[PDB]
Every structure is written in structure tokens, then in C-alpha cells.
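A single chain, nothing else alongside it, follows as C-alpha cells in the form deposited in one PDB entry.
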């Protein structure tokens, strides 16, 4: 409908979306120019995060009533894909923030007052938020006067150096029930762990909580019998930000290889390499993998936007399918782009090798391909059973 304007034309886009796309294309260009040194040094891109805050991007998924733009999931994915073309690490990291805010808006998982407080901090100060549940729940909350003390360790928190707020799960000691708590980043220790193949600018950090106080008003939920989670489910649709980011990296690789192929004419040939038959085939195959994966991504995002909570839950198997298709397609596209360019694709003078490293992580984000396929099979069997 709006998405894939690069294929289908920008003339059809409403003036507000075109203006927002000018903003995110501008950001992407700056991220692109900065990406090589951040990848080489593996240093966190704080200036990119400052640009995102200054632009207003960080509040676009906050509801209109609290001073955001209430952006649709379809449009959020479009901008994620634009930002990722510039720099995968930065896009994916801020995706967790704009996405989690879309998740909270669509579910009412936060108490009203707490959501209002967080939304105000995002709108007025550009405060950033992420949810950090995974560990190397071992993380523990102890009830104290006024709230809880939290001790533990969470892992893979990619935006953490720039966060203000952190949603963390912990087991309440001596009730054996799990809670979620809104922790201030300034109260935790960010610890560097091993560096990684790609996405190296944002790096891998653990968050360490020793003796962290959460007052009662920043308790999100305690999962007892009866409560129990979120006012209305969303089927985790917001997790489409992940495949959006990997497709944007693939698009950068494609744009690169197309540009190269159009303009590189070796002295062994009378035409550019874009006209060599096996190069045409590789470029055409890249186009088709992108067309198929992006079309499905945006189709599911639009269905999400239009769907009730009950329907959103039923879309989950297809949401997984998108993730598998996009992240696989993105790795294949980068492979083909490198084969088009040839031996120079190995050189750190060109960005393709960085794309080859960065794109790989999509395959190892949950849900794994084997889980996605199993879930598709089970949904197919459930649909057959319901039919009769």
C-alpha cells in the first residue's frame, strides 16, 4: 500500500509519510558514512542515537495522546528498513525501542500511569526503553519496604549503553512467581562480553544488577494466579522489526552490486558487467528474493494493523514465516551481491564484506527456522481440524 515505493513509485505516498521518509533517508545516509569506523572499532554509535533523538524518530510509535505519532507497524517497518540500509547495528538497536513501544501501546501491558510516565519521558527527553529477559529466571527480586531489590544478570541487550529504562524479569524470592520491573539504566552496570562476527558497533553487552531498587510504582506486573499479563494480545507482531532490518541490509548489498555492475567495465569486455549473462541472472535472482520477502513482510504488517487482538494471535505462525523467509533471503542476496562484484567483495575497502558479516545474525535470532517450520505445520493441522 505505502511500502515498496522503491519498486512501485513514491507519487502514491501521502505527504506526511513522504516527509518522514526524507527524515529517515537523511539519518540512514549519515549512519552509512559513519558505519565503517564503528564496525572496525566496535564502539557504540552514540552520535547516531543522538541524531535519532533529535529527529523525533524515537517517539514516532508513542500514541498521539501522549505526544507521539502513533505510527502503524507497516510504516515503522518501512523506516527500519531505510535505517538498516545505512547501518544494520544502529537500526536493529533502535528497532527494539520503537518496537517495544508499539507492543506496549497495542497490548496495554503497562499500568496506565506507568505507560504515561514512560511515554512522557520518551516524548520530552528522548528516553530510550528496551525489555531484557534472557540470561546466561535466575535474576531475583526481594520485597523490601517501598518496593523490590533486584539482583541478577541479563544478556544480549544491544541498545543498553544508551537506555534510560529497562524492563527486566525476575523471580520474586519466597513466592516463586515471576515479575517484570521497570529499572533505570543508571542503576545497573553494562559489562562488555565477547565481540561478534557482525553488528559490531552496538556490540554485545550484559546488564548486571546488584542491589537495584525498584519502587512499587515501577512494578509492571507480578504474574500470580489470576492477573495475569497484558490487557489484549498482539501476537508479537512488533517482532517484524527484526526481518525488516535484515532486508534493509540486503537492499544496501543489492544497491551496491547493481551500481558496481552498471559502472565497472573491465578492458576484457566492450560493455559493463551488468550485461554479462551470468551477472544478469544473479541480479535478477536478487530482485526476485527481495520482492518475495518484502511483499510478505509488508502484507503481514498491514494485516497486523487492521486485525483485532484475537486475529493478531492467529497470525503468529505467519509472523514466524516472514522472519525465516526474510533472514534467509537476506543472506542469499548478500551472497549473490558478492558473486556479482567478484574478488573485490572480500576487501574491507568495500562495504559488502561488512554486510555479509552483519546479515548472518538474523539466522540465529529466535525463532529458529526449525521452530518456524514446525509451527507452520501445526497451524496447517489446526486449520484442517477446524474445517470439519
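Note that the rigid core is defined as the largest set of C-alphas that superpose within 1.5 Å between two forms. Positions refer to the first chain, counted from 1.
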| item | value |
| --- | --- |
| Between residue 136 and residue 137 - deposited residues without coordinates, as a size class | 10 or more |
| Mean C-alpha temperature factor, higher of 93-101 and 214-222 | 214-222 |
| Segment of higher mean CA temperature factor, 281-289 or 257-265 | 257-265 |
| Selection from 81, 174, 75, 299 [criterion: highest C-alpha temperature factor in the record] | 174 |
| Given 71, 274, 132, 199, the residue at which the Cα B factor reaches its maximum | 132 |
| Assigned third (lowest, middle, highest) for the C-alpha B factor of residue 33 | middle |
| Chain-relative CA temperature factor third for residue 179 | highest |
| Entry-reported Cα temperature factor of residue 338, expressed as the chain third it lands in | lowest |
| Third of the chain's Cα B-factor distribution that residue 369 belongs to, per the entry | lowest |
| CA B-factor placement of residue 147, once the chain's modelled residues are sorted into thirds | highest |
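What follows is about the form deposited in another entry, which we do not show.
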property: Residue among 210, 116, 265, 124 with C-alpha shift of 2 Å or more between the shown form and the other one, core superposed; result: 265
property: Residue 291 C-alpha moves between the shown form and the other one by 2 Å or more, core aligned; result: no
property: Is_shifted residue 224 between the shown form and the other one (CA, 2 Å cut-off, rigid core); result: yes
